[PDB]
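A.B. asks: Begin with these chain(s), straight out of the complex:
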Amino acid sequence: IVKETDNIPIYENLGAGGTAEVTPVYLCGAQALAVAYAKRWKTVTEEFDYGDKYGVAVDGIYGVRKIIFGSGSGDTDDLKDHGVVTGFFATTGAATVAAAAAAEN
C-alpha cells in the first residue's frame, strides 16, 4: 500500500552531476519504528507581569526511533534496519532540503 506523504524530504544536488534531486521511499513491515511515551502532549497556561501577559505552552516527553539491530559478533555490531527498506530515486521536484544541509557532514 503506497501512501503519498507530502513531508518526505527532497535532497538537493545529490544526483547525477550534482544537479539532480534525490528522494527516499520507505517500505515498512511489522516492527519498523518504536515510539516511547513518558508523557503525552499536555497544555498549560501561565500569567506574567502582574497578570498583563498570558502564555500558553504545549509539553511532551517522548522519543521516536527507527528499530535497528546488530548482525555481527557484537551486540551493537553491523547494524541492519529491522523492518525498513529504503530506496533512493531521482525527481524533478523542488528540493525541500538545501544543498548545504543535504551534503555529507
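C.D. replies: Thanks, I have the structure now. Residues are numbered from 1 along each chain as shown, chains lettered A, B, ... in the order given.
A.B. asks: can you give me the strands for chain A?
C.D. replies: A:21-28, A:33-48, A:53-66, A:68-70, A:79-81, A:84-91 (DSSP state E).
A.B. asks: Can I get those in CSV including mean neighbour count?
C.D. replies: C-beta here means a position set from N, CA and C on the backbone, and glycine is covered the same way. Output for the strands of chain A, formatted as CSV (neighbours: other C-beta atoms under 10 Å):
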stretch, mean neighbour count
strand A:21-28, 15
strand A:33-48, 9
strand A:53-66, 10
strand A:68-70, 13
strand A:79-81, 12
strand A:84-91, 12
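A.B. asks: to the structure above, add chain B:
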Amino acid sequence: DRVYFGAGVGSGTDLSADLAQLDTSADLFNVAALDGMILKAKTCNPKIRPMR
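C.D. replies: Alright, chain B goes in next:
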C-alpha cells in the same frame, strides 16, 4: 511554488521570458500538465487546502 509553465519549463526570474518558452507543439495542456499542477498544489510550503 504555485505557477506551472507548459511542460514544466522556465526559470523563476522573468515572467515574459518564461512565457516566451511556450511553444504550440509541446507546451499544451494535457494529463502531464494537470499532474504537474496538482504536484505544485500539493508540494507548496503554504499547503493549498483541498476543496474536499
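A.B. asks: The closest residue to residue A:54 other than its chain neighbours: what's it in contact with?
C.D. replies: With C-beta to C-beta, 6 or more residues apart in numbering or on different chains as the criterion, residue A:54 has its nearest non-adjacent residue at 6.1 Å, and that residue is residue A:47. By C-beta atoms under 8 Å, 6 or more residues apart in numbering or on different chains, the contact set of residue A:47 is A:53, A:54, A:55.
A.B. asks: Tell me how far the first one lies from residue A:47.
C.D. replies: In this structure, residue A:53 and residue A:47 are separated by 7 Å, where distance is defined by C-beta to C-beta, to the nearest Å.
A.B. asks: I am finished for the moment; much appreciated.
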